[PDB]
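Colleague: Residue numbers (the authors' numbering), protein chains in the order written: chain C, 569 to 618; chain A, 14 to 63.
Beta carbons: idealized from backbone N, C-alpha and C, even for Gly.
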Amino acid sequence: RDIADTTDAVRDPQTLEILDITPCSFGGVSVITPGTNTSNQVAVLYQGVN
Amino acid sequence: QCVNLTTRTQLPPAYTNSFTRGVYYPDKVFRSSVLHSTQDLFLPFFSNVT
Ligand SMILES: *[C@@H]1O[C@H](CO)[C@@H](O)[C@H](O)[C@H]1NC(C)=O
Ligand SMILES: *[C@@H]1O[C@H](CO)[C@@H](O)[C@H](O)[C@H]1NC(C)=O
C-alpha cells in the first residue's frame with residue numbers, strides 16, 4: 569500500500585527479491601485545433617508525459 | 014502431574030505498569046512512511062501487569 573492505498577512495494581511470489589509494481593501508464597490527450605472552417609489539421613499534446 | 018503435595022505458599026503479586034509493550038502488526042500488508050490509525054485489541058498504556 570501507500571499514501572493513496574496504492575501498490576508500491578511487492579514481495580516476489582517466488583524468490584526473496586523485492587519487486588515494484590506501478591499501474592498502467594496513461595496521459596491526457598489534449599488537441600490544438602484551429603477553426604473547422606479555416607483548416608482541418610490537428611496537433612495533439614501529451615499531458616506531462618515524456 | 015497430579016494432586017498437590019501442599020507446601021504452596023501465596024506470594025503477594027506486585028504490580029508494575031507496562032509502559033509501551035504489547036503492540037504488534039495487525040495485518041500482513043506493507044506500507045511505507047505513513048501514519049495509520051487502527052481499531053484492534055491492544056494493551057492499554059501504563060496498565061498494571063500481574
Ligand atoms: C467560416 O465559419 C466560421 C464559423 O461561423 C465563420 O468565421 C464564417 O462563417 C466563415 N468564415 C469565412 C467564410 O471566412
Ligand atoms: C494498577 O493500577 C492502579 C492505579 O493505576 C494501582 O493502584 C493498582 O496497584 C493496580 N490495579 C489493580 C486493580 O491492582
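Note the first and the last residue of the continuous beta strand (DSSP E) segment covering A611 (chain C).
Modeller: In the first sequence, residue 611 (chain C) corresponds to position 43, counting from 1. Residues 611-614.
Colleague: Would the segment 569-581 of chain C and the segment 44-55 of chain A be scored as touching if the rule is three or more Cβ pairs under 8 Å?
Modeller: yes
Colleague: Identify which residue in A:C15, A:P39, A:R34, A:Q14 has its Cα closest to the Cα of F58 (chain A).
Modeller: The residue labelled residue 58 (chain A) in the question sits at position 45 within the second sequence. The residue with the shortest Cα to Cα distance from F58 (chain A) is A:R34.
Colleague: Quick one: does residue 620 (chain C) have its CB under 9 Å from some CB of chain A?
Modeller: Residue 620 (chain C) lies beyond the stretch modelled for chain C, which goes from 569 to 618, so this question has no answer here.
Colleague: Which residues, in order along the segment 44-55 of chain A, keep a beta-carbon less than 7 Å from a beta-carbon of chain C?
Modeller: Taking 7 Å as the Cβ-Cβ cut-off, the segment 44-55 of chain A approaches chain C at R44, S45, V47, given in chain order.
Colleague: Could you name the residues of the segment 586-600 of chain C whose beta carbon sits closer than 9 Å to any beta carbon of chain A, in the order they occur along the chain?
Modeller: Considering only beta carbons, no part of the segment 586-600 of chain C lies closer than 9 Å to chain A.
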